[PDB]
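Given next, in C-alpha cells, is a single chain: the form deposited in one PDB entry.
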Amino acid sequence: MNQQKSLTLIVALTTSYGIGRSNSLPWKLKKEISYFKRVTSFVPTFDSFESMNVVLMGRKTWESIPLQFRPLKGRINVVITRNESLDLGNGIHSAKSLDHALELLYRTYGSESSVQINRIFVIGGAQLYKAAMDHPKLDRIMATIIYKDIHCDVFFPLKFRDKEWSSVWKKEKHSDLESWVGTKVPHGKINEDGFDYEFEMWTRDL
C-alpha cells in the first residue's frame, strides 16, 4: 500500500554535474525555470479535474527558493528533513525520508480525498537526489544540460549521462519527452544569458 507510483527526478546541471553554489543556482534562466514549472505542474486534461502533482525537496532547497515563491504554487510540496519541525509553513508538509513522504502522501491524498496525486517529482537537492537515485521506484530524470562548466560547490551524485551508467540510464527521443510532458518542447540548444542548454529525458527500467 505504498509503492503504486514511479518517481521522476527533475534537475538542471552542468556537463560537470554541477547543480548549485552558495545555496542557490549559479545561473539565472527564466525560460529554464518556466520549463521546470510547466513540467512539475502538467496533469493530463481528463485527470486534472482533481489531480495535483507533488514536489519533494530537501530542506536546503526549500530555503534556497526565494520566500516569494514558496510553497511552489499549484503543487503539493513536501520538505524532507531528519529533524521535525516545520520550516514555518502554511499547509506545509514535512517528512523524514523519501518513503515517509510517500506514506504521508498516500495517507493524506487517498481514494476518498478531494485532491488526488498525479505524478511525484524529486526536485533537489544533492542529498535528496542521492536518496532518489537509490530508490527502486525512480525511473526517470528530466535533465536540463547546461553546456558550461560553471563553478559550483554542490554536485549531482551519480554520473548518469556517462559511459559507466549507460546500460542502466538511456536518453529518450525528443518526441518521447514532448509526449511525456504533454507539450512541444524546444529541441536542441537554447541560449539565455551566454550559455547554451538543452532539455533531455533519461529513463531506467524498474
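Numbers follow the displayed sequence, beginning with 1. Superpose the two forms; the largest set of C-alphas matching within 1.5 Å is the rigid core.
Unshown form deposited in another entry; subsequent notes refer to it.
- With a cut-off of 2 Å and the rigid core superposed, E103 has a Cα displacement that falls short of the cut-off between this form and the one not shown.
- With the core held fixed, the Cα of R21 is displaced between this form and the one not shown by 2 Å or more.
- Once both forms are overlaid on the rigid core, the distance between the two CA positions of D134 between this form and the one not shown is under 2 angstroms.
- Between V122 and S48, the Cα distance is greater in the other entry than in this structure, by no less than 3 angstroms.
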